């Protein structure tokens, strides 16, 4: 391979694949913080060009943490379809980009091709895509999964109901649920992050969620987003199982930061198959986001976009119902402003869809990042056109408890009616039964949680 190009008379030399991958990224504050970013715009473009000339073989055979040192690398490498790989191994990344974007490349073509990819190759393609490339490329790569709802059918748009409370107060949790359903939010999942990682508390939160589900016969899922260890215990001791959640990271060291073994995720799949109230075949739920491996000291000199791609390579192994990035969840240290948070969201979603997982996005920001609610609304709509599987819903997007701002209940209804998208067909049926939705639109008596009373 060439680690070298000349641009405007000047030779641009790079040390390894890892450096080429890092410096080809669009400018973000985390890559500068990691020490891995390009020195200038010219070196950024030079890295992009060097990357685009490298083959699928070049980047498959150079993962950012080595096979023998890292269980996530082993996971990703072992999962490769080798005859799919052998077809594409001598493609340049430039050729792989144009293949993905081509109107003559079908969903069924990409279905087989993506099996010959690793996460680092997925990242490499994202690095040489413009914003419209990411959006159009993701749109022509639908990923469809089923729990009690079907998610990710083209022409549909789903939403997590996120009814969080500072005390896990069950009236406050219920009030936000009734509010969310009145806007048509919750077909992805009704999912609480709990204050206490504790079996009695988890069961109470789940009893509250499924109280509303059972009363009104809602086709959907419950989740409580504690550590996967305590979820499993709660469900084993007889709390209602819907989706089982874990935050994941793209290295073994990163998983150790989170207290996660691979065997816990095998166990969650096994517990789900025994216990969980799920009609379809997908019951797992992961969350991701750029900067988490950096924060862990677990990026090993790799940029945050390549590390985030390795999340999706990890996630794909377990065939989850839903994955989302939480795009600006941490703060300005890893993604500083609107421009960087938008770019990351489009990257993350594209890479998720290319890896073949059911990719949504928490379009979000923090109050110490240079960002406001207009950014959430820019990003949610751009991602919706990209066929993003789902966003979050909270009352005006205010988390009283996780201390950040996501998208409103309003915003899901807005996206759906702007873009002529429906909910999950099962959940849409339910919304029509309740008189909340007609022909994809909120009816007159929608947006009112008094309706359930």
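Residue numbers count along the first chain shown, from 1.
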query	finding
Per the entry, higher mean C-alpha B factor between 170-178 and 282-290	170-178
Stretch exceeding the other in mean C-alpha B-factor - 352-360, 116-124	116-124
Options 215, 89, 310, 145 - largest CA temperature factor per the record	215
Selection by C-alpha B-factor (highest) of 222, 194, 155, 320	194
Assigned third (lowest, middle, highest) for the C-alpha B factor of residue 61	highest
Within-chain third of residue 393 by Cα B-factor, per the entry	middle
Assigned third (lowest, middle, highest) for the C-alpha B factor of residue 414	lowest
Ranked against its chain, the third holding the CA B-factor of residue 139	lowest
Chain third (lowest, middle, highest) by recorded CA B-factor, residue given as residue 385	lowest
